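Only one chain is shown below, in structure tokens, and it's the form deposited in one PDB entry.
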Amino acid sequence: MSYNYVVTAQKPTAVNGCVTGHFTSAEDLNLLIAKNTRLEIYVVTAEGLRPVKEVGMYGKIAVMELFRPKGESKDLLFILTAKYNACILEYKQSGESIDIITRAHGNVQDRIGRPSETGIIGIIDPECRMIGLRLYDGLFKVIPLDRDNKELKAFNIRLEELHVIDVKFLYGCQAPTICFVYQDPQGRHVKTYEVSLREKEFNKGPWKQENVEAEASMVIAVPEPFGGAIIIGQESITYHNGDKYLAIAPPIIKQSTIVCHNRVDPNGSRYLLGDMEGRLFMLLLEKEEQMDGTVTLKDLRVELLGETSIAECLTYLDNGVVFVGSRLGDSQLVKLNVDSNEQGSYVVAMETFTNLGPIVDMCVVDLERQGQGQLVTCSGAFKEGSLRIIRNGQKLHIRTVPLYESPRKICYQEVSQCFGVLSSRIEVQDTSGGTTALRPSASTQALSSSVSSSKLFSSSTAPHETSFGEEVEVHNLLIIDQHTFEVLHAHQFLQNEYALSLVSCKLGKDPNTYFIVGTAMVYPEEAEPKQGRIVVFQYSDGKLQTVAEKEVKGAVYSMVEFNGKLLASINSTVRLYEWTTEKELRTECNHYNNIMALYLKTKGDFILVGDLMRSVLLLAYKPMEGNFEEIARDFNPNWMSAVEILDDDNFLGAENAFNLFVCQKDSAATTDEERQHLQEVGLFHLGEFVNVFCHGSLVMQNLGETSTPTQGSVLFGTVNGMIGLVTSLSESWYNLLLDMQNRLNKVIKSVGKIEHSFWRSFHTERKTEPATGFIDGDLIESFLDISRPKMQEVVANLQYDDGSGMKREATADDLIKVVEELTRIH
């Protein structure tokens, strides 16, 4: 068996949702910000936000909504986790003591159902009569909000429309009514149904279906002054109520897909709309009152306000201050002014909240020769792309290096006192036949620049037609100074060439240190790339020189230096190249038994291969023979996101389902068949998407640090910005920490009454297994935050084993010492 420990070094920083309401008191205006597994509660002031409380939940927050049922003084909070844990929460404050009450809870998962393409949707009735959930295709789940439903029991109504895009509860209806856009073979349509708690079925809805835009994306329930709904698409915005029908199709919104909306004015007169190029719009409802005294919607208008971060969620707060919650860039507070500034913008940034964004890659480098370690990350996307330099000093110090294009890979080259960074920027087919970039960025603002002139694929004769307005990716290698983080050089790759992999290393008897890039020729027509390059560059005297190129028949997904040879993975093939005295790459040997060799790691003559669907493989170089050998493969099917070698026997992997696992050679060695079997000895639901594993630590490890029980250090970056650390334990230390977890879970009160053991259970749509071989260090580090009565309760009857004493009684102050040591690894 194997024993490992996993802790958080930086909590998730991406905003996954934001709501505004009256949650902490019927009087204060609150902003609830949801990061993966983390809930942040703020109070709105005239200058900004006053933080008041933060809790963690044992689950990914999928739905977050505030409601105030008749009889309550203040808003209640509904949360549903991605594992279908539902709960209703209440804020309660006793002087200085702030706690979160679980008013109702239960798990709403169905034994049979197909998860929907557009994900979990949760909505609440304007009269707070019921909670609507869209979890599965063809089913609508209703949790009625009666006082007695403390377990959140619910029933399903058959829904004829299998493919639902979005749904909202409508306002101004005689009965609870839903408005949903759906897709069937004839296109997209908007339809309405009434929901009957008495009959537990749908009844015919108030207004007839209408055919809507093929890419109708979002539904807005407009407040009672107007009533009805607004439908947002790629080209048009339409309002539907009864017989009334309006459509505005302003050319400005066609340029970029609109992804978020929020109501500014409670009467519904004004809405905010945001698009993926960061633009912020105002959607205006123009009223016309009739002599009858009734007010009808006259027209819709769209006005451009300015630019924000590419925002997953918008929230208007008040006083012209809007919260921009970002998943791809930094979040913000921005002020909307009535008068534009001299550039034409009505938006002026107030504050900037750091998001490590998508961490696509990262490396650890000791920039200041301080024996510490700094983490340079490829963070963000599109105009939010950035490098982030992270060091410890009690908080983490993070420097941001804006790139305004997407960073893909990073690797450090000490000889040159600089970093190599792969990046891609979006250009659009323009009337010249070429393309034009939407904005300047790192690869265009380099001091010196170059473009590949390779003739390898120049024969072509393969037609790829271009339509004006289509996007393309343009990929570059950036040379970036390690002190200034100035872009010294930018190398643009071939048209339709993607840069996928990057290494900095010496090869063979060649004393020069090279930047080596593996690429793929990506054409929309191809299911899988069939052309690619390995390019050897030399950065010298401020110019990047092309040293050698090797043509390959696929995508070079991953490369790594291997004892002076170049180990590269091309599609299914894993190849070892030698570097000749003629400065050309020469193939030594190949391994073909893969589906797609996405990830490579090495240790000595051993290679760990991560596959798209066939988990992880342990391959070995046999130098006596000049070939590869398969040592052992994990035959459990898994979709890999990243892998890492822990030691000669234990191997770490990350699943696309937000799960971690550790494989070990059986090492029984009775039969060859057992040896060729990698046994999954560790299973752990992380809750994050791991893109990159990287050996290193950010802690000051200069001579004088007390010996930690943990051995080894692997850092990992994730999509939501979360940075974590994996380390190993001895059997004795695991058992102690594991036994202590079981004691802590009985003592610590969970938000939503979610069982910790359930949360960390390995979970795919097809399997659920109890966690094994992994200590949730975030649980262990919570011992120091629990009240003293609870500490002594945890340590009661706690006996250490397999140590200086076979049986050793434990006191709370002893554990306070151990846990405090375990906090010193990050």
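Definition used throughout: the rigid core is the maximal C-alpha set that superposes within 1.5 Å between two forms. The first residue of the shown sequence is 1; numbering continues from there.
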Problem set entry | Unmodelled deposited residues between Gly393 and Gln394, binned | 10 or more
Exercise. Should the higher mean CA B-factor in the entry be assigned to 105-113 or to 470-478?
Worked result: 105-113
For this session: Would you tell me which stretch averages the higher CA B-factor in the PDB entry, 58-66 or 795-803?
Result: 795-803
Exercise. If you compare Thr519, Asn211, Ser443, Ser331, which has the highest Cα B-factor in the entry?
Worked result: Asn211
For this session: Choose from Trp733, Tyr182, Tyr592, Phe628 the residue with the greatest Cα B-factor as stated in the PDB record.
Result: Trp733
For this session: Compare the C-alpha B factor of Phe606 with those of the other modelled residues in its chain, then answer lowest, middle or highest third.
Result: lowest
For this session: Using the B-factor values recorded in the entry, state whether the Cα atom of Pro463 falls in the lowest, middle or highest third among the modelled residues of its chain.
Result: highest
Exercise. Can you tell me which third, lowest, middle or highest, the CA B-factor of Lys550 falls into for its chain?
Worked result: lowest
Exercise. Which third, lowest, middle or highest, does the CA B-factor of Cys313 fall in along this chain?
Worked result: middle
Exercise. Comparing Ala9 with the other modelled residues of its chain, is its CA B-factor in the lowest, middle or highest third?
Worked result: middle
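There is also a form deposited in another entry; it is not shown, and the following applies to it.
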For this session: With the two forms aligned on their rigid core, point out which item of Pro524, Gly704, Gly71, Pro251 shifts its C-alpha by 2 Å or more between the shown form and the other one.
Result: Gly704
Problem set entry | Core-aligned CA displacement of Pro463 at least 2 Å between the shown form and the other one | yes
Exercise. Shorter or longer C-alpha distance for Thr573 and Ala462 in the other entry, given it differs from this form by 3 Å or more?
Worked result: farther
For this session: Have a look at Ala462 and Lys553: in the other entry, are their Cα atoms closer together or farther apart than in this form, given the change is 3 Å or more?
Result: farther
